[PDB]
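Reading through the structure tokens given below for one structure.
Per chain, numbering begins at 1; letters A, B, ... match sequence-line order.
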Amino acid sequence: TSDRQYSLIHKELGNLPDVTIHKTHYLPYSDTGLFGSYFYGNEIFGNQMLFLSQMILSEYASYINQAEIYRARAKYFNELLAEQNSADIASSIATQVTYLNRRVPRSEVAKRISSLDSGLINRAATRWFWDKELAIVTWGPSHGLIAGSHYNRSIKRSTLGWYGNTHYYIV
Amino acid sequence: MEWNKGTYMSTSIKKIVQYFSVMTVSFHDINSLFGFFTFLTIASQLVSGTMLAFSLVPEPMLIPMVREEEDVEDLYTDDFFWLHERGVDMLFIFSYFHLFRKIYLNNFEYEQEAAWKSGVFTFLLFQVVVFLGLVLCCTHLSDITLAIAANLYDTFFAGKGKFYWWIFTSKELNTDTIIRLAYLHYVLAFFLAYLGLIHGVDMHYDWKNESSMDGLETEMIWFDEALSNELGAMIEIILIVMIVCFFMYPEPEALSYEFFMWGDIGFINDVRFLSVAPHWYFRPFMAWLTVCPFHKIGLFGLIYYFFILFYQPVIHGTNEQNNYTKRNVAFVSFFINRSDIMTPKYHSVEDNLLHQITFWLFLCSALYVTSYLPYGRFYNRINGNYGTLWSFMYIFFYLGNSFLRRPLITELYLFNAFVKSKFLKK
Amino acid sequence: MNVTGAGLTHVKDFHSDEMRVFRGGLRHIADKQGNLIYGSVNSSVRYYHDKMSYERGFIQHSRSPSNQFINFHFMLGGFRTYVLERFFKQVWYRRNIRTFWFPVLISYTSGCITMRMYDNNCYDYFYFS
Amino acid sequence: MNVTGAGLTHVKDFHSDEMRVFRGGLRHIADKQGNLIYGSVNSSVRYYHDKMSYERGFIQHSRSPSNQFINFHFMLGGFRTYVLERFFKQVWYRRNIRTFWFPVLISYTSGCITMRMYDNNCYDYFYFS
Amino acid sequence: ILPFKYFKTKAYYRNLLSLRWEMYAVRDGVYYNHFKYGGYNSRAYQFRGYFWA
Amino acid sequence: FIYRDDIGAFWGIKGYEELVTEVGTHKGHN
Amino acid sequence: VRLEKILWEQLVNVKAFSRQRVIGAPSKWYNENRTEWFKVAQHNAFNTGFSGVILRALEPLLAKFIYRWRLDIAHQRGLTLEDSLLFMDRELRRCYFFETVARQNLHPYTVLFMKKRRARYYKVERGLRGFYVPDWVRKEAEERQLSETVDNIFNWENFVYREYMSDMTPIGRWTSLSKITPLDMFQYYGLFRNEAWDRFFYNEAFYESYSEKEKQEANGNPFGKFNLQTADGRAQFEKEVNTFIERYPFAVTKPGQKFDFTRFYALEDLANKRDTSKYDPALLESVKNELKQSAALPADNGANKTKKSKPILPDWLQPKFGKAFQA
Amino acid sequence: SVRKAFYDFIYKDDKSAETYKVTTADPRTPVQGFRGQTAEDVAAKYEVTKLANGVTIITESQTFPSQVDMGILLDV
Ligand SMILES: CCCCCCCCCCCCCCCCCC(=O)OC[C@H](COP(=O)([O-])OCC(O)COP(=O)([O-])OC[C@@H](COC(=O)CCCCCCCCCCCCCCCCC)OC(=O)CCCCCCCCCCCCCCCCC)OC(=O)CCCCCCCCCCCCCCCCC
Ligand SMILES: CCCCCCCCCCCCCCCCCC(=O)OC[C@H](COP(=O)([O-])OCC(O)COP(=O)([O-])OC[C@@H](COC(=O)CCCCCCCCCCCCCCCCC)OC(=O)CCCCCCCCCCCCCCCCC)OC(=O)CCCCCCCCCCCCCCCCC
Ligand SMILES: CCCCCCCCCCCCCCCCCC(=O)OC[C@H](COP(=O)([O-])OCC(O)COP(=O)([O-])OC[C@@H](COC(=O)CCCCCCCCCCCCCCCCC)OC(=O)CCCCCCCCCCCCCCCCC)OC(=O)CCCCCCCCCCCCCCCCC
Ligand SMILES: CCCCCCCCCCCCCCCCCC(=O)OC[C@H](COP(=O)([O-])OCC(O)COP(=O)([O-])OC[C@@H](COC(=O)CCCCCCCCCCCCCCCCC)OC(=O)CCCCCCCCCCCCCCCCC)OC(=O)CCCCCCCCCCCCCCCCC
Ligand SMILES: CCCCCCCCCCCCCCCCCC(=O)OC[C@H](COP(=O)([O-])OCC[N+](C)(C)C)OC(=O)CCCCCCCCCCCCCCCCC
Ligand SMILES: COC1=C(OC)C(=O)C(C/C=C(\C)CC/C=C(\C)CC/C=C(/C)CC/C=C(\C)CC/C=C(/C)CC/C=C(\C)CC/C=C(\C)CCC=C(C)C)=C(C)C1=O
Ligand code: HEM
Ligand code: HEM
């Protein structure tokens with residue numbers, strides 16, 4: 001069952017048979033950056049893909065389980081140890097030098113991320129995700145979504161936590 | 001409300017008609033028909049109470065005179081009142097027989113949950129309505145019942161800030177209280193019909209006249225093949241009740257329990273507290289209050305009885321772990337050298353003898369509890385009836401404790417026999 | 001990908017004919033098309049009677065009641081065999097009394113004794129001398 | 001024939017995952033599997049919004065109300081243009097009054113005339129000379 | 001009315017149970033796949049996601 | 001279950017023990 | 001809040017009281033087989049200690065009111081204890097776990113015969129009550145001993161544990177029923193369970209279990225600690241087995257015959273390393289053949305097969321016979 | 001401690017907390033009180049040994065400390 005795991009979003013995605021692809025993109029730039037989720041799946045679950053990403057993220061502003069914290073910690077450790085190909089490591093070094101004029105070592109990144117706590121996670125999430133504005137794009141069959149295609153109360157309250165999950169659960 | 005997955009049946013007229021026209025009922029006996037008798041008594045109660053409502057003016061000072069005068073000037077009114085009272089009596093009888101029958105068959109399994117609880121809730125509501133009905137009589141019995149109910153309601157609030165006023169205005173029967181309680185009685189009585197329909201739809205999921213799994217696949221069509229038998233069994237039980245009442249109750253009697261209903265609120269101020277007694281169905285609870293002079297403990301006993309009656313499938317059921325649940329045992333841990341015990345599996349009904357012994361002890365304890373009034377005038381100054389205390393405590397233990405139900409002894413003995421036989425035959 | 005399943009999974013999909021009036025052109029769908037959705041309560045109320053039952057090579061025969069006795073196997077033998085021996089020893093005792101005679105008797109006797117003791121205490125209270 | 005269609009027609013058949021718990025082994029079915037039954041109100045309430053709409057090559061832009069006037073275009077022109085002209089001449093007259101000024105006027109005049117006649121007859125009844 | 005009730009109910013049920021059953025040995029190639037993959041439970045929605053996972 | 005017949009309570013109905021209540025119904029038949 | 005590191009856990013679950021949580025290799029939930037647990041518990045309760053002494057004295061009453069009672073009822077119904085113990089009528093009638101396991105693992109007959117045996121009796125009992133099964137059916141009911149029913153019961157329970165109950169992970173849960181009743185609405189599953197609080201992780205070591213000594217002791221001689229090599233031990237063992245056979249009629253032998261102890265001793269000698277030629281070669285051959293047959297799983301011969309159907313459309317659904325040159 | 005519990009109950013930063021300082025440092029500068037050792041890669045050495053039953057184990061020493069990889073191969 002989808003309930004038997006420690007990733008909250010994967011539970012929802014497994015519950016939805018046709019929501020196929022989901023990836024979280026974090027694109028930082030010198031002046032600004034974009035952090036978000038991209039879903040790709042059957043249009044019948046449109047709203048489910050529309051209101052899901054925010055619901056989870058905003059929920060971390062109020063409560064995040066230690067299991068998720070440690071899962072992300074271990075995943076980040078492994079990915080740090082998984083940078084082996086010369087091209088990837090060279091590109092990462094060049095990008096880090098350009099944006100920071102410094103090569104951030106594995107140990108420093110591990111120490112930085114490992115120091116995160118549930119309280120710190122909640123505070124960061126409420127700084128960046130709670131009750132915040134959104135940039136939304138939907139490409140494809142929009143027959144279901146035309147009714148709510150405008151930036152309205154439903155979209156406004158999506159970035160809240162337990163308040164705003166009304167539309168996601170329905171269907 | 002994503003937690004609520006849905007409803008077992010959509011009670012629409014089209015679907016209800018289709019379901020009841022295509023329903024099939026397996027062959028059964030009279031013992032497994034108390035539910036139909038309860039439902040039919042509920043229907044007759046609805047009809048007779050509707051007839052009575054057009055006669056009862058909710059003013060306390062007119063209800064006695066109105067009842068007395070409208071029995072003569074109008075024909076069939078007293079007939080409907082008698083039908084209502086006897087319907088309440090038979091409804092209690094059928095409901096308790098149904099409860100005992102369903103306790104006997106060990107219907108605390110998970111598949112019975114929806115069937116069980118939906119029923120108990122109905123029963124619980126069926127209690128409240130009855131209480132309200134008593135209040136409408138405007139006798140000293142109604143006065144005492146209202147006073148006791150108001151004190152129980154005020155118990156939860158530690159006697160602070162008159163939280164009872166919205167229903168039990170002044171804890172006395174007056175125009176406002178009578179009107180409110182009469183309207184609530186009517187509305188909840190009609191709601192009982194829908195609750196019973198929901199329970200009847202739910203219980204058909206796994207319906208069995210006996211615990212043993214008969215292999216028959218053919219079944220009776222409900223509309224007439226089963227309905228005619230249900231009506232006939234109702235007729236037979238009504239004949240038996242008529243005979244028993246005719247012989248047990250002589251036409252003129254001395255020292256009946258209705259003698260406390262002489263006093264009418266308003267007309268008579270003084271109350272003969274020496275002889276205070278409710279109807280037999282509420283007799284056990286008044287007896288419990290007299291036996292347990294502590295107010296909080298008595299209220300807790302009532303609440304515990306009702307709620308543990310509601311939560312039978314959870315304490316005694318499989319619990320979805322397939323009998324791999326571990327109990328908490330006081331003394332058996334020393335004997336087995338284990339902190340906990342796996343729930344025993346072989347708890348059949350017809351075969352085993354411990355289950356029957358315990359169930360009939362419980363049933364006889366209930367009957368003894370309803371057998372008489374403790375007569376609290378000196379029931380405690382005189383060392384009270386030990387039988388009443390034993391029956392009450394056995395009722396409490398039987399409902400809630402799983403060592404009197406699904407006992408471990410049968411499982412251990414059967415496993416011992418299995419081990420011995422397998423060793424002998426390898 | 002532009003595939004129905006996105007090119008990496010299989011989807012058990014079905015376009016129900018409910019909410020659609022015409023198969024094609026101007027002819028209506030069959031009235032009982034919706035029943036072809038097996039295993040759904042919405043399809044039919046007959047799915048509530050869904051206890052496990054599987055059989056092969058099984059034949060059963062039933063006869064019209066018009067050709068059968070109105071009251072079959074009634075009073076076969078005498079009163080003794082049909083009533084005294086069957087309905088009382090095998091139906092009332094073997095099934096009912098044999099199960100509850102002991103607990104009911106114990107409870108009844110104990111209640112009688114306790115009530116007698118209670119009444120005797122009441123007598124002592126009321127009566128002196 | 002032993003085939004499902006009997007060898008004469010093709011039957012649009014589906015085995016609903018409803019009334020089932022496990023799709024395989026002890027694994028559970030997807031929580032929202034039933035939603036894959038398209039074109040059924042029972043699947044979802046959202047199907048009640050059944051308006052006809054099909055479009056390609058269409059892009060729509062909507063901005064957050066957090067970057068827009070709280071009261072946009074209010075008194076954008078002069079009070080006369082925004083209220084006296086736009087509202088009292090293009091929203092009230094052009095829409096409402098211009099449509100019912102004639103019938104309502106005729107009805108009012110006729111009713112007044114006949115009520116006056118009725119009152120005159122009443123006065124003649126009550127008063128003489 | 002008791003005798004007519006008896007005729008309607010108990011004798012009628014006894015008549016309906018006068019059934020003759022026969023079981024044969026089917027050993028054709030067909031496998032009992034319907035038994036292995038089949039069955040519908042009206043309360044399955046109460047068991048899905050809650051029990052035996 | 002068994003109610004003593006000399007307590008003054010008929011069939012177990014306590015109270016009315018300062019009255020003569022069994023005359024004509026239980027003891028004697030008017 | 002985390003349940004572990006809570007103030008109570010910090011104060012109590014400490015090395016000082018030996019109440020600390022210990023983390024080990026991951027292991028499945030439901031680590032202990034129920035059948036083995038009940039075997040060990042039964043041995044401890046019956047054959048050891050004051051509880052064993054008390055329960056031994058109660059063997060007559062228990063045998064009379066818990067074994068011969070069930071057996072008598074089953075024989076009256078033309079059934080055996082298996083019909084009531086291998087698969088409980090509860091499981092046979094309405095149980096989704098049993099239904100799924102049977103569908104996925106069991107051949108249809110294994111439950112079809114169970115259902116038809118009860119159908120035999122209840123087609124008559126419901127039609128006319130008080131039915132006593134005639135002698136011919138009672139004979140086939142009595143033919144099977146409990147020594148095979150126990151084998152079936154243990155096989156089924158062990159299979160269910162090893163295949164399904166060993167692949168389940170229970171979780172905290174709300175009311176299964178989607179009922180609007182508030183009492184059912186707020187039912188909380190997960191607390192008040194000993195297993196829920198005994199181990200907060202799947203890596204925790206198990207703190208309560210049976211010692212290997214008890215497990216090995218529970219596999220000895222159920223009747224008592226004897227020495228079948230010495231004559232004194234054999235006499236007491238035979239006495240106990242005879243009284244057991246008397247108490248339980250259809251447990252190991254028919255209620256009119258006597259148990260063959262020489263064959264049992266031969267089986268014990270063959271099974272264990274002890275060996276000798278004190279038994280006739282015919283006895284040894286018969287015992288070996290019986291042991292082989294008892295442990296042999298039946299297989300299909302692929303013989304005496306019925307004819308499979310290849311239905312074709314009737315004549316009226318097919319074109320007429322004539323067929324001429326088209327052009 | 002009490003301070004951490006309080007500052008978690010109300011979702012406010014704890015400036016004096018060391019963990020907060022570590023998790024909100026300038027990305028352009030090294031962490032204040034932490035520094036990892038420098039290591040150099042080493043050659044790869046392969047070793048194969050057969051067990052008594054017949055199972056054969058291959059192993060390769062760490063060239064540079066990284067995640068441990070494990071595998072089971074079957075000729076099936
Ligand atoms: C704790 C307390 C103590 C313990 C309590 C215990 C309680 C126990 C309760 C037990 C309850 C269950 C009882 C079950 C009984 C089963 C009997 C049985 O085996 O039947 C099978 C038998 C056939 O079974 P079978 O196996 O198919 O037959 C095999 C044969 O080989 C082949 O069969 P066949 O094909 O030949 O037969 C087909 C059958 C099929 O035929 C039918 O279906 C036709 C039925 C027609 C019924 C007509 C009813 C008319 C009613 C009004 C009559 C006038 C009243 C006037 C009153 C005032 C008089 C002054 O026709 C017949 O058999 C014909 C026989 C009937 C002849 C006509 C008379 C019928 C009515 C008789 C009763 C009324 C008498 C009134 C009083 C008379 C004077 C005393 O069924 C019948 O035939 C039933 C016939 C109807 C009987 C009704 C009896 C009612 C009695 C009421 C009056 C009582 C006495 C007077 C009281 C006065 C004061 C109030
Ligand atoms: C005969 C000679 C006569 C000579 C004299 C002639 C005089 C002629 C006068 C002609 C007047 C013309 C008026 C034209 C109106 C045009 C409106 C318009 O276009 O709106 C859009 C206009 C422009 O927005 P936009 O379209 O986005 O355009 C962008 C702008 O370029 C830029 O947008 P923006 O964001 O910069 O907008 C700035 C705007 C604001 O714009 C915003 O961003 C909205 C901010 C809303 C804040 C609302 C107040 C929040 C606090 C409420 C109180 C909380 C108390 C909690 C207590 C807890 C205790 C435990 O400015 C304000 O801050 C004004 C807000 C005033 C709010 C007043 C509400 C009542 C407060 C009561 C306090 C009571 C305290 C009690 C203490 C305890 C006592 C026990 O927006 C607004 O004006 C928004 C605010 C509207 C407030 C309306 C208040 C109405 C009050 C009632 C009617 C007045 C009479 C009452 C008499 C009472 C007698 C008893
Ligand atoms: C005695 C006590 C008092 C009794 C009061 C009785 C009141 C009766 C009202 C009768 C009309 C109700 C109509 C309801 C809607 C159905 C009709 C409809 O929609 O048609 C489509 C029609 C066309 O719409 P469309 O094509 O769908 O386009 C969408 C619209 O633009 C969408 O429209 P919109 O949303 O843009 O507009 C909303 C609407 C909002 O209006 C409303 O409907 C809201 C009403 C709120 C209050 C309603 C209840 C008041 C009750 C008071 C008394 C209570 C007593 C009980 C108290 C408790 C118990 C004692 O505002 C207006 O448009 C107002 C325009 C009218 C203003 C006046 C302009 C003419 C002035 C010069 C003539 C003066 C009178 C001349 C008399 C005859 C001689 C020439 O809609 C309209 O344009 C009608 C607007 C609503 C009616 C306006 C008032 C007309 C009154 C004429 C009465 C003549 C009677 C005969 C002579 C009487 C001599 C005494
Ligand atoms: C007889 C004469 C008087 C008639 C009064 C009629 C009602 C008047 C007010 C409402 C009028 C609009 C009705 C719209 C209905 C729309 C829904 C619908 O039809 O769905 C089918 C619905 C079943 O829905 P379902 O989805 O299948 O859910 C049940 C499942 O079977 C699941 O089964 P389960 O076993 O899981 O659950 C067992 C049981 C467990 O239930 C409980 O334990 C809860 C206790 C029962 C509900 C208590 C509601 C209290 C309302 C107080 C209102 C005060 C007066 C002011 C009213 C105006 C608005 C404030 O569940 C239920 O019984 C829940 C069903 C609730 C039925 C009542 C629905 C209407 C009231 C809803 C609130 C107000 C809506 C207003 C809308 C319009 C705007 C004004 O069937 C019925 O409506 C049955 C009608 C039975 C009528 C007999 C008389 C009972 C009257 C209501 C209960 C009164 C209790 C005493 C209150 C005392 C207060 C001091
Ligand atoms: C009858 C006598 C009883 C004894 C008296 C007791 C009275 C005190 C009653 C306390 C219970 C009532 C709740 C109030 C506080 C609830 C705070 C809460 O939910 O926070 C989490 C919820 C979480 O809900 P959320 O998820 O919506 O918040 C998320 C918001 N972001 C994402 C931005 C973080 O909200 C908060 O985070 C609020 C934090 C503020 C904490 C406020 C505490 C107030 C103190 C209460 C009483 C203190 C004891 C003294 C009482 C005096 C008695 C003598
Ligand atoms: C906490 O406080 C509260 C309470 O008290 C504690 C409450 O009781 C309540 C609930 C209770 C109430 C609001 C009071 C409700 C009371 C009820 C339902 C009691 C009455 C119950 C009944 C079943 C009454 C039945 C009545 C009848 C059958 C009377 C039949 C009479 C008639 C006229 C029927 C024939 C007529 C019609 C159907 C009308 C049709 C039209 C015509 C005939 C037209 C005739 C005219 C012409 C010109 C042709 C609440 C909510 C509460 O909060
Ligand atoms: C299952 C349904 C019902 C039950 C269990 C029930 C219960 C009762 C009870 C116990 C009494 C008191 C009887 C006594 O003290 O002897 C009573 C009286 C009364 N009931 Fe009900 N009742 C039901 C339905 C109704 C309905 C639907 C109505 C009105 C529509 C109604 C109206 C009345 C009236 C008017 C009285 C008092 C009559 C009088 O005092 O003369 N009842 N009820
Ligand atoms: C007014 C109250 C009640 C009504 C109207 C009612 C109605 C019914 C009816 C008509 C049936 C079918 C016939 C039968 O099984 O005999 C039934 C069955 C059932 N009832 Fe009730 N009942 C009531 C109270 C109760 C109570 C108090 C319980 C349990 C505490 C309960 C639990 C059950 C169960 C479990 C079944 C199904 C039995 C089975 O599956 O074999 N009901 N009920």
Side-chain angles (χ1 to χ4, degrees), chain B residues 319 321-346 402-403 406-423, chain G residues 17-56 150-151 153-170 193-225:
Chain B
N319 243 28
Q321 302 191 242
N322 187 249
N323 300 322
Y324 275 66
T325 313
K326 310 203 77 180
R327 303 173 168 184
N328 294 288
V329 296
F331 305 103
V332 182
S333 55
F334 301 93
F335 303 151
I336 299 175
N337 303 328
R338 197 80 175 197
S339 301
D340 306 330
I341 285 175
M342 309 282 284
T343 57
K345 188 173 181 296
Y346 307 137
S402 58
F403 78 93
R406 300 171 59 99
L408 178 66
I409 182 56
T410 61
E411 193 67 3
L412 281 184
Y413 183 72
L414 292 174
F415 261 90
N416 185 31
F418 300 168
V419 169
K420 289 181 177 177
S421 60
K422 188 175 182 180
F423 174 81
Chain G
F17 303 153
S18 65
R19 295 286 297 275
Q20 58 164 351
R21 297 298 188 87
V22 180
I23 305 300
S27 60
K28 57 173 177 177
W29 204 263
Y30 302 139
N31 65 323
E32 190 171 13
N33 187 332
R34 188 190 181 192
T35 296
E36 303 176 0
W37 183 97
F38 261 104
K39 288 173 175 174
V40 179
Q42 154 274 348
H43 183 82
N44 289 15
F46 277 84
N47 303 277
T48 56
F50 174 83
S51 65
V53 173
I54 293 289
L55 269 50
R56 285 174 177 176
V150 301
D151 192 336
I153 291 165
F154 289 174
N155 189 334
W156 170 246
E157 298 301 337
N158 299 340
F159 177 91
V160 168
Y161 171 80
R162 292 183 295 92
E163 302 300 343
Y164 287 76
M165 210 61 54
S166 177
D167 193 82
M168 288 182 177
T169 303
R193 295 190 176 181
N194 300 27
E195 56 178 326
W197 302 91
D198 196 65
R199 298 169 64 259
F200 286 148
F201 309 86
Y202 298 127
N203 293 332
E204 281 195 36
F206 298 88
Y207 313 89
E208 191 67 12
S209 59
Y210 283 132
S211 64
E212 288 293 350
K213 183 179 179 180
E214 293 183 347
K215 290 188 174 181
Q216 299 299 343
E217 185 181 8
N219 292 269
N221 183 14
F223 301 86
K225 295 181 179 179

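Taking the six-membered ring where the residue is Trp, G/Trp29 and G/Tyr202 present perpendicular rings, their angle passing 60° and hence far from 30°.
In this structure, the side chain to side chain contact (heavy atoms under 4.5 Å, CB included) partners of B/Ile341, at least two apart in sequence or on a different chain, are B/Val329, B/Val332, B/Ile336, B/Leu408, G/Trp37. The side-chain hydrogen bond (donor to acceptor under 3.5 Å, both in side chains) search around B/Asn319 returns none, not counting sequence neighbours. Under the rule for a side chain to side chain contact (heavy atoms under 4.5 Å, CB included), the partners of G/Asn33 that lie at least two apart in sequence or sit in another chain are B/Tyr324, G/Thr35, G/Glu36, G/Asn158, G/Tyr161.
Within 6.0 Å of the CZ atom in G/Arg19, the count of heavy atoms belonging to other residues, nucleotides or ligands does not exceed 12. More than 12 heavy atoms of other shown residues, nucleotides or ligands fall within 6.0 angstrom of atom CZ in G/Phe159.
Judged by distance alone, the side chain of B/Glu411 and the main-chain N or O of B/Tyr346 form a donor-acceptor pair under 3.5 Å. Between the side chain of B/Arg327 and the main chain of B/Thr343, no donor-acceptor pair closer than 3.5 Å is present. Side chain of B/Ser421 to main chain of B/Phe418: a donor-acceptor pair is present (N/O by atom type, distance under 3.5 Å, no hydrogens or angles).
For the pair G/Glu208 and B/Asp340, the minimum side-chain heavy-atom distance is 4.5 Å or more. Annotation: side chain of G/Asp167 is not in contact with side chain of G/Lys28 (no heavy-atom distance under 4.5 Å). Side-chain contact between B/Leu412 and G/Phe38 is present, with heavy atoms from C-beta onward closer than 4.5 Å. Put simply, the side chain of B/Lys345 reaches to within 4.5 Å of the side chain of G/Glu157, judged on heavy atoms. The side-chain heavy atoms of G/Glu204 and G/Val22, taken from C-beta on, include no pair separated by under 4.5 Å.
A distance of 6.0 Å separates CZ of G/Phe223 from NZ of B/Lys420, quoted to the nearest 0.5 Å.
Residues B/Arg338 and G/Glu32 are paired through a salt bridge, judged by an N-O separation under 4.0 Å between the basic side chain and the carboxylate.
A donor-acceptor contact under 3.5 angstrom links the side chains of B/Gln321 and G/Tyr30, judged on distance only.
Relative to the six-membered ring of G/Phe201, G/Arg21 misses at least one condition, a distance below 6.0 Å or an angle of at most 45° to the axis. Under the 6.0 Å distance and 45° angle rule, G/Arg199 does not count as a cation-pi partner of G/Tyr207.
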